[PDB]
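**Q** Pasting a structure below so you can have a look.
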Amino acid sequence: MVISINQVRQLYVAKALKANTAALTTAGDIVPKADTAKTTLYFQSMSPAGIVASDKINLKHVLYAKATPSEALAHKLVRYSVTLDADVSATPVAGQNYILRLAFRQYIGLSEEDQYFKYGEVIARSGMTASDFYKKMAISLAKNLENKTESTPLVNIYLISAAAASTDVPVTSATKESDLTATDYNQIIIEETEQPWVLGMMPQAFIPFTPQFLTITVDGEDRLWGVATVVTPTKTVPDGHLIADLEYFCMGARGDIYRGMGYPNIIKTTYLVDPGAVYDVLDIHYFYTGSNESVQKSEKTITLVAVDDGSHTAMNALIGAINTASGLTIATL
Amino acid sequence: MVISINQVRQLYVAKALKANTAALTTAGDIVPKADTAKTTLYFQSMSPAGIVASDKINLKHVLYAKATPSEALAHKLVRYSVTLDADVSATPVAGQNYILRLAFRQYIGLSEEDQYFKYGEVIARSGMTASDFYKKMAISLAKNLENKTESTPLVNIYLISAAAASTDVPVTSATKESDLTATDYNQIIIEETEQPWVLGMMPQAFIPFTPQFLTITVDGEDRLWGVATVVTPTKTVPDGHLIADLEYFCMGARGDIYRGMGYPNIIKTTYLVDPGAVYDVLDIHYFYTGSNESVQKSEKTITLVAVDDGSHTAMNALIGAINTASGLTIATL
Amino acid sequence: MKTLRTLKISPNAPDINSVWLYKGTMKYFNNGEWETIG
Amino acid sequence: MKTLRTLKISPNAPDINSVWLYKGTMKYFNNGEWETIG
Amino acid sequence: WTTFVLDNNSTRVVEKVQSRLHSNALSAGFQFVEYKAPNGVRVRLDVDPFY
Amino acid sequence: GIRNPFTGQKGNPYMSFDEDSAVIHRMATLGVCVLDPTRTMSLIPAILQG
Ligand SMILES: [Mg+2]
């Protein structure tokens with residue numbers, strides 16, 4: 001992805017905090033360096049081609065310094081629950097055609113004017129129970145959706161039985177009626193699906209949607225047959241795919257700009273952030289004011305990333321070494 | 001506001017009683033002066049810039065002198081109880097649209113032909129009780145009549161439960177359906193509201209209305225649905241706005257006839273009445289005639305305004321000073 | 001005063017302005033629901 | 001779906017496309033026979 | 001559509017034909033090839049014998 | 001500063017700063033009057049009020 005900057009953005013990867021220079025030997029180490037009077041601050045980081053010392057931060061000229069606990073960057077996959085409401089009818093009316101119009105948006109487009117629609121249809125019967133309706137609607141949902149042989153589908157359709165109430169039965173296009181043997185289905189769950197992601201060409205995007213209903217008639221009036229309520233998400237997307245795209249852009253504010261354009265003749269810039277782990281972020285945003293005529297500030301920022309083991313340990317060791325050497329008070333998370 | 005006069009009307013504020021001319025120290029004073037042979041009466045009031053007097057009331061030529069309390073100058077905000085007419089249907093029927101029209105009669109203008117019609121409507125469902133109807137209709141009426149968009153306050157809408165039967169709960173456009181949690185609602189009361197008021201430029205008026213019901217079809221006949229009966233009012237508007245506008249008009253008789261017309265250059269009459277305090281009004285009405293063939297009289301009046309505390313201490317002390325000094329039998333209120 | 005011109009035999013709810021004739025029931029629309037005769 | 005439009009009062013049975021009314025008995029043509037409503 | 005009664009002067013489901021058997025001899029038959037939905041959506045039939 | 005990409009002017013007699021950049025600035029003033037709002041009626045769904 002491409003981002004917006006305040007005239008620069010420099011990113012450095014923190015894999016292991018050594019104590020000082022001549023201890024940085026492996027690729028990805030870092031040590032925050034400062035002087036004894038706490039005037040300037042810079043990060044000596046080991047690039048895989050040698051020690052690369054960062055831009056010197058004048059400590060009187062810092063706007064903010066804040067860190068991110070790496071759970072504030074995880075996207076939550078929204079879940080909708082499709083139930084027959086007790087206001088209209090708790091049982092399927094024996095003659096009515098139940099059509100569920102999923103109203104997707106932003107599909108293979110960038111705007112909300114690129115809208116897509118997928119469906120699911122079950123016409124009820126005389127001895128139609130409510131639990132067999134949620135079994136038959138989800139299979140008919142898994143035929144209009146979930147049929148993409150080429151790519152992974154738009155949404156994930158689940159079924160929760162009332163005897164379990166916390167474990168969802170997966171419904172796919174291979175699933176027939178005989179595979180779902182429970183008799184106590186009470187809802188259908190339409191979860192979002194993590195879209196494909198390649199490093200530096202396609203960003204992490206999502207296709208939002210809203211399950212919409214078509215009108216059935218019960219007492220001679222056209223009523224909406226079900227309700228679509230959003231429950232709290234249970235499956236999240238980790239931080240590996242956003243941070244690796246952030247290193248892809250802010251390594252071009254320091255090094256190679258031609259990131260695979262003339263394909264045989266490129267400069268292969270090795271990337272240090274791997275997409276298979278979550279990553280904390282620490283940001284330091286500062287400026288530079290010159291002497292006697294050049295009072296204008298050339299604002300800058302320095303981004304540090306460290307691997308998160310859940311307990312925020314590797315970032316807290318990095319903030320704990322900056323606050324000692326530089327003297328700033330960054331909030332340890 | 002602008003009032004009509006019997007050839008003059010002049011006001012003097014009785015903020016204090018000083019009983020002689022030498023004690024006229026602070027503004028708003030009054031001294032009812034009369035001689036030992038009771039033939040002429042006048043009032044020495046302290047203007048903000050000196051001592052002024054009234055006209056010499058000939059005590060044989062007074063016509064009436066009647067003092068009114070503050071509770072005779074308060075306009076009671078009229079109410080209207082909206083209920084379900086049980087002769088039509090005690091319960092809301094399962095299909096019809098229940099629309100209620102509010103027919104205002106003086107919108108913006110002074111005539112009865114400048115009407116205004118607002119509406120509130122509920123689609124009644126099966127199983128809806130009488131109290132669930134009043135919960136949905138006082139919300140649908142509040143989002144029309146008590147929103148943050150309307151230029152004028154139209155009506156104030158309250159609900160009355162059956163357990164309290166007197167205590168009103170306020171509903172507004174921000175009132176949600178979970179705020180009203182009571183299954184014993186028996187009426188919806190629609191009360192008048194006081195209008196915004198600017199001293200001397202925008203008078204005190206109100207917008208009277210009539211809740212009119214639209215017709216619903218019970219059986220095969222369209223039975224006008226509801227009944228709306230008047231209730232004895234509870235909230236009254238204060239007196240101080242009518243008396244702030246009464247001095248502003250009556251200072252122009254003894255002063256400059258124009259008040260701000262042409263503003264580089266005005267003579268600023270400084271007033272002494274508070275619009276947030278309730279007052280009492282005493283009106284000595286008299287005339288003038290000379291001993292000749294000109295038997296035609298020139299009617300006049302003098303308004304006195306004293307503050308009201310609920311027990312009428314200042315006005316009865318003002319009446320009791322006029323009665324002994326001048327020899328007039330003004331009724332102590 | 002409320003005219004119904006036609007009658008529809010159906011296993012479903014036919015229309016608000018018609019008579020629903022099932023096997024042994026005659027339902028018609030009244031007060032927001034289907035009132036059976038007899 | 002079979003739409004009945006007319007009601008006929010006769011001592012004998014009318015056609016299959018009309019409702020039969022006699023002496024307090026409603027009958028219409030269902031399941032090949034005349035079926036009583038009540 | 002209980003609202004709109006479908007008569008014979010506009011649908012013409014039976015038509016007068018000319019035959020030796022009778023003077024007022026009548027045909028019978030109709031078919032729908034088009035539906036016109038609200039807001040301008042018209043659907044027209046096309047039958048390919050490949051299908 | 002030195003060059004102006006909005007026009008193509010390499011060189012500068014009157015510099016604004018020294019950081020070799022260029023900022024465009026635009027301003028406008030607009031206004032809409034409605035004389036009488038009682039001559040426009042409206043039906044809005046109640047999920048659009050807030
Ligand atoms: Mg308007």
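Ordered as shown in the structure tokens, chains take letters A, B, and onward, while each chain numbers its residues from 1 and ligands are numbered from 1 in the order shown.
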Could you pull out the residues in chain C that DSSP calls strand (DSSP E) from the backbone, as a PDB file with N, CA, C and O atoms, in the first residue's frame?
**A**
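Result written to selection06.pdb:
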ATOM      1  N   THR C   6     -64.617 -11.116  -5.521  1.00  0.00           N
ATOM      2  CA  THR C   6     -64.233 -12.451  -5.947  1.00  0.00           C
ATOM      3  C   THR C   6     -63.802 -13.300  -4.759  1.00  0.00           C
ATOM      4  O   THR C   6     -63.511 -12.794  -3.673  1.00  0.00           O
ATOM      5  N   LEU C   7     -63.755 -14.609  -4.996  1.00  0.00           N
ATOM      6  CA  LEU C   7     -63.355 -15.597  -4.003  1.00  0.00           C
ATOM      7  C   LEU C   7     -62.258 -16.464  -4.598  1.00  0.00           C
ATOM      8  O   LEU C   7     -62.353 -16.885  -5.753  1.00  0.00           O
ATOM      9  N   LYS C   8     -61.219 -16.736  -3.815  1.00  0.00           N
ATOM     10  CA  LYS C   8     -60.063 -17.475  -4.305  1.00  0.00           C
ATOM     11  C   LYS C   8     -59.830 -18.680  -3.414  1.00  0.00           C
ATOM     12  O   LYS C   8     -59.607 -18.526  -2.209  1.00  0.00           O
ATOM     13  N   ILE C   9     -59.883 -19.873  -3.994  1.00  0.00           N
ATOM     14  CA  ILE C   9     -59.509 -21.084  -3.276  1.00  0.00           C
ATOM     15  C   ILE C   9     -58.008 -21.305  -3.468  1.00  0.00           C
ATOM     16  O   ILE C   9     -57.481 -21.189  -4.582  1.00  0.00           O
ATOM     17  N   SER C  18     -60.111 -10.574  -1.104  1.00  0.00           N
ATOM     18  CA  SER C  18     -60.807 -11.758  -1.583  1.00  0.00           C
ATOM     19  C   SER C  18     -61.082 -12.684  -0.410  1.00  0.00           C
ATOM     20  O   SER C  18     -60.531 -12.530   0.682  1.00  0.00           O
ATOM     21  N   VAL C  19     -61.946 -13.657  -0.653  1.00  0.00           N
ATOM     22  CA  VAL C  19     -62.302 -14.660   0.342  1.00  0.00           C
ATOM     23  C   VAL C  19     -61.397 -15.871   0.181  1.00  0.00           C
ATOM     24  O   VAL C  19     -61.250 -16.410  -0.923  1.00  0.00           O
ATOM     25  N   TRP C  20     -60.779 -16.291   1.282  1.00  0.00           N
ATOM     26  CA  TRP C  20     -59.897 -17.448   1.312  1.00  0.00           C
ATOM     27  C   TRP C  20     -60.733 -18.672   1.657  1.00  0.00           C
ATOM     28  O   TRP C  20     -61.164 -18.834   2.802  1.00  0.00           O
ATOM     29  N   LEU C  21     -60.963 -19.526   0.670  1.00  0.00           N
ATOM     30  CA  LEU C  21     -61.728 -20.754   0.851  1.00  0.00           C
ATOM     31  C   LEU C  21     -60.760 -21.927   0.868  1.00  0.00           C
ATOM     32  O   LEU C  21     -60.206 -22.300  -0.170  1.00  0.00           O
ATOM     33  N   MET C  26     -63.977 -20.866   5.712  1.00  0.00           N
ATOM     34  CA  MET C  26     -64.177 -19.667   4.898  1.00  0.00           C
ATOM     35  C   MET C  26     -63.605 -18.497   5.685  1.00  0.00           C
ATOM     36  O   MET C  26     -64.253 -17.980   6.599  1.00  0.00           O
ATOM     37  N   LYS C  27     -62.397 -18.082   5.333  1.00  0.00           N
ATOM     38  CA  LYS C  27     -61.741 -16.977   6.007  1.00  0.00           C
ATOM     39  C   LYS C  27     -61.816 -15.719   5.157  1.00  0.00           C
ATOM     40  O   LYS C  27     -61.774 -15.773   3.926  1.00  0.00           O
ATOM     41  N   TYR C  28     -61.934 -14.580   5.831  1.00  0.00           N
ATOM     42  CA  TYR C  28     -61.924 -13.283   5.176  1.00  0.00           C
ATOM     43  C   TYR C  28     -61.190 -12.297   6.070  1.00  0.00           C
ATOM     44  O   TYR C  28     -61.048 -12.509   7.277  1.00  0.00           O
ATOM     45  N   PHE C  29     -60.722 -11.212   5.466  1.00  0.00           N
ATOM     46  CA  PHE C  29     -59.874 -10.256   6.166  1.00  0.00           C
ATOM     47  C   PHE C  29     -60.728  -9.353   7.045  1.00  0.00           C
ATOM     48  O   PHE C  29     -61.648  -8.693   6.553  1.00  0.00           O
ATOM     49  N   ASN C  30     -60.422  -9.313   8.339  1.00  0.00           N
ATOM     50  CA  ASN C  30     -61.134  -8.436   9.263  1.00  0.00           C
ATOM     51  C   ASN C  30     -60.215  -8.092  10.425  1.00  0.00           C
ATOM     52  O   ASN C  30     -59.699  -8.997  11.088  1.00  0.00           O
ATOM     53  N   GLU C  33     -56.516  -9.542  10.505  1.00  0.00           N
ATOM     54  CA  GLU C  33     -56.281 -10.977  10.481  1.00  0.00           C
ATOM     55  C   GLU C  33     -57.461 -11.654   9.798  1.00  0.00           C
ATOM     56  O   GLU C  33     -58.465 -11.017   9.473  1.00  0.00           O
ATOM     57  N   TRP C  34     -57.323 -12.954   9.560  1.00  0.00           N
ATOM     58  CA  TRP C  34     -58.318 -13.714   8.812  1.00  0.00           C
ATOM     59  C   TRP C  34     -59.345 -14.285   9.780  1.00  0.00           C
ATOM     60  O   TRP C  34     -59.036 -15.191  10.559  1.00  0.00           O
ATOM     61  N   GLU C  35     -60.572 -13.773   9.715  1.00  0.00           N
ATOM     62  CA  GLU C  35     -61.653 -14.225  10.583  1.00  0.00           C
ATOM     63  C   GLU C  35     -62.418 -15.341   9.888  1.00  0.00           C
ATOM     64  O   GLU C  35     -62.898 -15.162   8.763  1.00  0.00           O
ATOM     65  N   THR C  36     -62.534 -16.483  10.554  1.00  0.00           N
ATOM     66  CA  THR C  36     -63.267 -17.616  10.009  1.00  0.00           C
ATOM     67  C   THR C  36     -64.739 -17.529  10.389  1.00  0.00           C
ATOM     68  O   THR C  36     -65.091 -17.051  11.472  1.00  0.00           O
TER      69      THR C  36
END
**Q** Given identical sequences, what C-alpha RMSD separates chain C from chain D after least-squares superposition over all Cα in order?
**A**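 Across the paired C-alpha atoms, the RMSD reaches 0.5 Å.
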**Q** Could you pull out the residues sitting within 6 Å of ligand 1, using only C-alpha atoms and all ligand atoms, and write them as a VMD selection string?
**A** chain F and resid 37 to 41
**Q** If we count only C-alpha atoms, which residues of chain B reach to within 10 Å of chain F? Please list them as a list in words.
**A**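 Listed by rising number, the hits are residues 116, 140, 143, 144, 147, 148, 149, 173 and 174 of chain B.
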**Q** For stretch 1-9 of chain E, find every residue with an atom within 8 Å (counting only C-alpha atoms), except residues of its own chain fewer than 2 positions away, and show them as a list in words.
**A**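 Listing them by chain and then by number gives residues 6, 15, 17 and 18 of chain C; 11, 12, 13 and 14 of chain E.
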**Q** Mind dumping the selected residues with C-alpha atoms as a compact mmCIF listing (two decimals), in the first residue's frame?
**A**
# COMPACT_ATOMS: atom_id res chain seq x y z
CA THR C 6 -64.23 -12.45 -5.95
CA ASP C 15 -55.24 -11.53 -1.32
CA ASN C 17 -59.63 -8.18 -0.98
CA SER C 18 -60.81 -11.76 -1.58
CA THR E 11 -55.95 -10.23 -23.99
CA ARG E 12 -57.81 -12.03 -26.83
CA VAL E 13 -57.38 -15.52 -25.41
CA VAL E 14 -60.19 -16.70 -27.71
**Q** Which parts of chain E does DSSP call alpha helix (DSSP H) when run on the backbone here, written out as a list in words?
**A** residues 8, 9, 10 and 11 of chain E
**Q** Counting only C-alpha atoms, which residues of chain B come no farther than 12 Å from chain A, as an MDAnalysis selection string?
**A** chainID B and resid 94:96 123:128
**Q** Could you jot down the atom CA of residue A:332 to atom CA of residue A:13 separation for me, Å, one decimal place?
**A**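 Value for the atom CA of residue A:332-atom CA of residue A:13 distance: 18.4 Å.
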**Q** For the contact check between chain C and chain B, emit one row per residue of chain C within 9 Å, containing the shortest atom pair and the distance in Å rounded to one decimal, counting only C-alpha atoms, chain then rising number order, as CSV.
**A**
residue,atom,partner,partner_atom,distance
C:1,CA,B:220,CA,5.7
C:2,CA,B:220,CA,4.9
C:3,CA,B:220,CA,8.6
C:30,CA,B:219,CA,6.2
C:31,CA,B:93,CA,5.7
C:32,CA,B:95,CA,4.1
C:33,CA,B:94,CA,6.8
**Q** Can you pull out the residues contacting stretch 223-228 of chain A? Cut-off 8 Å, using only C-alpha atoms, and skip same-chain residues under 3 positions away; I want them as number ranges by chain.
**A** A: 80-85, 88-89, 98, 211-218
